[PDB]
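Only one chain is given next, in C-alpha cells, and it is the form deposited in one PDB entry.
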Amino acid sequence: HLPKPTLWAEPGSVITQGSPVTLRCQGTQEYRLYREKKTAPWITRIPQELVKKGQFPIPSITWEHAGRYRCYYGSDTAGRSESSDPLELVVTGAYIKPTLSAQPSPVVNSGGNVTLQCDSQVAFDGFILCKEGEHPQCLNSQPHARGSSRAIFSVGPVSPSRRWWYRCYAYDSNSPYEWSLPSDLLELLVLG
C-alpha cells in the first residue's frame, strides 16, 4: 500500500439535490473515504461489501453530503497510501436560479467571442459558469468581472463544429459546495 488511489464520482461531481451519485476510489479492499474539515457520517453507513470494492453510493444526495473529499487505503497498523487528489462534491438547487444570457446575442459568427452574463435577484459573493461537456468545466467568475449580484464571463473563439452549452450558478462562499438551482441552459448558436 503506497501509490495514492484515484477518487472520482459517477455521473459527476456536480449533482442536483435529490439525485444519485457514487463516489469511487481505486488503488485493494481497505478503502477509506473521508470529508475534509467536517466528518461525513453517511460514509460510515456504507455496507462493507461496497467499501471493499471502493464503492460509496449516495442514492439521493442532500446538502449535508456536499464537501471536499479524499480517499486512501490501508491503515496506520498495516500501512496506508497517501490520500488521493481532492474531490469537491457539489450539490445544487439551494438558491433561486440566476439568469444567464449571451451579450449581445446567443447567435454568433464563427471565430468570434461572446460575453455571458449571469444575473441574480439576490446578492451572492460567488458565481460559477459551467460549460456542459460533451465532465462539465466549471469556473469561478474573475474578481474584475463580478458585482454584488451579477457576474460576466468571456468565452471563445467559438466554432460551429464544437458544442457551446452553458449554465451558471450563484453561491455563498461560506458554503462553497452548495450552489443555486442552475440557470436555464444557454446554447450558443454559431453560424457557419
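Think of the rigid core as the biggest set of C-alphas that the two forms share within 1.5 Å after superposition. We number the residues from 1 along the sequence you see.
Undergrad: Could you bin the unmodelled part of the deposited chain lying between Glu49 and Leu50 as none, 1 to 3, 4 to 9, or 10 or more?
TA: Missing residues, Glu49 to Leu50: none.
Undergrad: Using what the record says, work out whether there is a hole in the model between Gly54 and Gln55 and how many deposited residues it spans (none, 1 to 3, 4 to 9, 10 or more).
TA: Gap size class: none, per the record.
Undergrad: Mean CA B-factor: is it higher for 85-93 or for 100-108?
TA: Higher mean C-alpha B-factor: 100-108.
Undergrad: Quick one: higher average CA temperature factor, 57-65 or 40-48?
TA: Result: 40-48.
Undergrad: Highest Cα B-factor in the deposition, which of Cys130, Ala151, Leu33, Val155?
TA: Of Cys130, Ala151, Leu33, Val155, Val155 has the highest C-alpha B-factor.
Undergrad: Divide the modelled residues of the chain into thirds by Cα B-factor and specify which third, lowest, middle or highest, holds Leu7.
TA: Its C-alpha B-factor belongs to the lowest third of this chain's values.
Undergrad: Lowest, middle or highest third: which one holds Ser19 when the chain's residues are ordered by CA B-factor from the entry?
TA: Middle third - that is where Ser19 ends up once the chain's C-alpha B-factors are sorted.
Undergrad: With respect to C-alpha B-factor, does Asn113 fall in the lowest, middle or highest third of the chain as deposited?
TA: Top third by C-alpha B-factor.
Another form, the form deposited in another entry, is not on view; read the next lines as being about it.
Undergrad: Does the C-alpha of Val108 move 2 Å or more between the shown form and the other one once the rigid core is lined up?
TA: Yes; that C-alpha moves by at least 2 Å between the shown form and the other one.
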